[PDB]
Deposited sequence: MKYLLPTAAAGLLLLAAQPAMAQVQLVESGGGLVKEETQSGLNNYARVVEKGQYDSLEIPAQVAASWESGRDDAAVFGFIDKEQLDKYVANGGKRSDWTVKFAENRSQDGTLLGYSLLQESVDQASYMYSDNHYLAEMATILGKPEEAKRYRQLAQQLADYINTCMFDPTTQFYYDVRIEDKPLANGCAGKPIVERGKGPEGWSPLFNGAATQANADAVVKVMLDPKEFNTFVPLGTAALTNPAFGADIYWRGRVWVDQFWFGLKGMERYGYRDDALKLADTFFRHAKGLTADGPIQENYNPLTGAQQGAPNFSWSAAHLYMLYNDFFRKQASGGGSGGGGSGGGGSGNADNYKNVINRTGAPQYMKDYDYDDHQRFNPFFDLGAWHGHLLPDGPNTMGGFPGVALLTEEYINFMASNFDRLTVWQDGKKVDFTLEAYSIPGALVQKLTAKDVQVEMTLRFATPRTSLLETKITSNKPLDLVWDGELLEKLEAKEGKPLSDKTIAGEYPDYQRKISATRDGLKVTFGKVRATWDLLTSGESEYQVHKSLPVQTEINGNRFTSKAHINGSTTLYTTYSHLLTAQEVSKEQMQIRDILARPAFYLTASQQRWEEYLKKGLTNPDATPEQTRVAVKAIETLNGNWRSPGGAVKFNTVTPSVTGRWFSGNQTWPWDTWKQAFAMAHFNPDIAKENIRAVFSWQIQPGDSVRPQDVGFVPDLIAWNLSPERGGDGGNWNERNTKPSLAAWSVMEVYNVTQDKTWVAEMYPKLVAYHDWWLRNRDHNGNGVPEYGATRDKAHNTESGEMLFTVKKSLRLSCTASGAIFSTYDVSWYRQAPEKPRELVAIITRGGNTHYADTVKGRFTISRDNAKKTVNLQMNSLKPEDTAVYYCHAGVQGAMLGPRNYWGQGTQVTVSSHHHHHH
C-alpha cells in the first residue's frame, strides 16, 4: 500500500542577533536564507525611495540577467556602517554610499540657508554657507558625475578614498535614475554636465517614455514598469526634472515634456482623485487616492509648465458614494470614496450617489486619531412628506471647491442643501425648503454594521461590534439634534478612540427623535417654506466637546456668517492659486483638483501634533489622521504657499515642533533631528501608545527650499527669523550623524533606535532561515508518479504549490515561482520542497500528493496527512 509521510515542516521564526562584527562574520559563514538589518531598512526609508535601484534593490530575475550579461552580484550590495563619535557613542548608522540626490539637496539647503542669513543680517554665516555649498557642488561635479556615461550617479564609500579626494567611483552599474538630474534641479550641476544630463533624459531610450522622467531609465538593469521606484513615474521627480531643465536653459524642452505628460498621464482630466505615480509606458495611475504630494507637484506643474468663482468648477473630484462598511477599501486598502474635508476638520461627507442616499450626505468619514473610518451610510437623511404621502424628488448633487450641494426638485416642494465647514471640528449644513403647503420632515440614520470590504465585495462577515467589542457606539437624543458616543478602542493599526469621542448633530429646528439601537428617526413639522441649519461635529476628546459646545451655539446663531466665511475663504483660495493666464480650462481644472486635494488633506491640531498639519492622503490607509511626514511636508508647503500660506507655515511648524532639542530624553545625541513621522499618538518610548510615530530615521532634507518658498510668497521676515535656527540645527544634525567619512557629504542612514540595536549599542540584525519539506513514499513504484505539493491555508481551499511530473517537468504556482523549488529523488523515493523567502502568506498546511498520469498506470491517487508550516 502506497504511503506518503511528510516531514521537515514546522514554525520558522527569524532569530535576531547583535553586533556589526558578528554580521560580517555571519555573512562569511553563509548558509542563511537571508540577512536583514532593521537599521538598513530604516536607511532605505530615509532615502524616500524604499526600493530604488541605486540602493541595491533589484529583482532576482533582473539580477540573474544582470549577471548573465556580465556583472558581479556584489555590485548591488550596499555596505552598512555605524557612525560613532570620538567618545565612541553611537550617533547612528549610514549606508556606505553617498547619494547624489542627498548631496544636491544639501547644496540647495546651503544656499537657501545663506539667503536666509543674508535676510537676517548674518553675513558671516551666509558666507560660510556659500563656501560649503561651493565645495559640495565641486564634490558633486567631480565625484558623482561619470564622464564615460555623462550622467550623475551615487558613489560608494570605498575602504580608501580616491586620489582626487572622492569616496569611490560613481555607481554606474546600477543604471540611471531620477537622482541623476537632482543636481540640475538644485543647481549644483555645471552647464556642461547639465547639458549632458538633459540630453540623457530627453532620449526616448532612457527617459522620454510615454510618461517621461520615470524613477528608472529603460536601460536600468533593475528597471521595471509597475515598480514604484524602478520605473514608475512620480509627479515630483517629473517636476524636479522639468525645473532643472528650465534652470539650465532648456525651458522649451521642459514645456514639451509637460505637454506630453498632460496628454498621456491617465485620468488627469477625469474627476478621479490624484494618485501617486504613473506607468512610464501605459500611463496608468497607482497609489493612495487623494495624494497631497502628487497634488502639490501637479499644482506646481500647472503654475510653471502647463501652457496652451467656486461655481465654475463642479465635480472636480467624484465625491459621491454610499459606504456600507467601516472600511470600504479599494484594491490597495484605501477608502474607495473621497469624502469632503475642509478647514482642518476630522470628519468628511460624501454626496448622494442615487435615490437611496438622496436627501442627505451619506458618507460620514470619521478621522479616528490616525485612520479614516466610515461611521454611517445614511445619517440625518431628510425625507419630506406632504399630505401624508412621501414627496418624490429629482436629485442634483454636485461638489464645488469648499462645499457640497444637492438640490431636490419636486412639483411643489424644492430643497437646496448646501454643506460647508464652519469650524475646525464642525460642518454646517443649510437646508432651505420651498413649499406652499405644510410639510412633515423626517430625518433617519443608520450606523454601519459590516466591518471591511474591497472593491465593494466584503472581505469577511466580521461586524464592527464583533471586531471591536469595546467600540460601543450609542446614539443618544439631545435637547437639540443628536449625538453618537464611542468607546475607548486602541487598535493601533485600524481604529483609535479615547473613549470620549463623539459625533454631535445639532439642528436649528426642534425635532422629536426616536432611537432604536443603531438607528434613529427625527420628525419635524413646518407650516411652509423655511430654512433650517444642521451642524455636524466630530469631537475626539472631552475638552474638545466642552470647547465646541459654545462654538456650535454660535454657529447656529449666525449660520450665514459662517457659510459666507467659508465661501470667501475658498474664493481667496481660488484667486491666489489660479494665477496662470495662459492655461487651458482642463489645466485649470487640474489645478483646482490639486487645491481641493491639498485642502482636504489638511488637519487641525490633534493629540501630540499641536499645529495645523497636512497629511499625504486623508483617505489613505496609512496616511490618514494627522500623520505628518517631513518629506511630503516640504513639497506640500511649497505648493500651498501660493494659495494657503498660513497652512504651509503651520505644516512646517508642525513638522519642526518635534525636532529633537538639546537635553532630549530618548535621543539626546540627535539634536536637530526631525522625526520621520509624527501623528496623534506618541511612540511607546515617549509615553504614548501610537505605533505610527517613527523616529528610526528622517527623510531627505528639503526644508530650506519650502521655507524660502513660503517667505517668497509672503515676504515675511519674522517667518524666516523663526525658521532659521530650526533649519540650521537640522543641517548641523545632517553633518554630525549622517557623515561617516567626515567629508561634508552626508549619507542616508538610520538613527540609534530600539529597533536597530540593543541597549548596549550593538547593531541588531535578523537572520532568516529557509524551510525544506520532505515527502517519502513507501510501497510504490515512485518512478511513475507525478508527485506534487499542495497547501491549504486556514479558511481557504487547498491550492497547488508545485508539481514535478514523472518525466521531470516542473511547474510552480504563480505565488511561489522562484521562491519555492521542488525536486524528486527516485532512488530515495522522496519529494522535497525547498521553500525560500517565506512570507506570512505561506503559513498553511502543506500536503504532499502522488498521482500517476495515464490510463496504463491506473487510478493511483495518494494524499499525505499534511504538515503545518508557520512563519512570522
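Asker: Can you list the gaps, numbered from 1 on the deposited sequence, where no C-alpha is modelled?
Answerer: The deposited sequence has unmodelled segments at 1-22, 331-348, 913-919.
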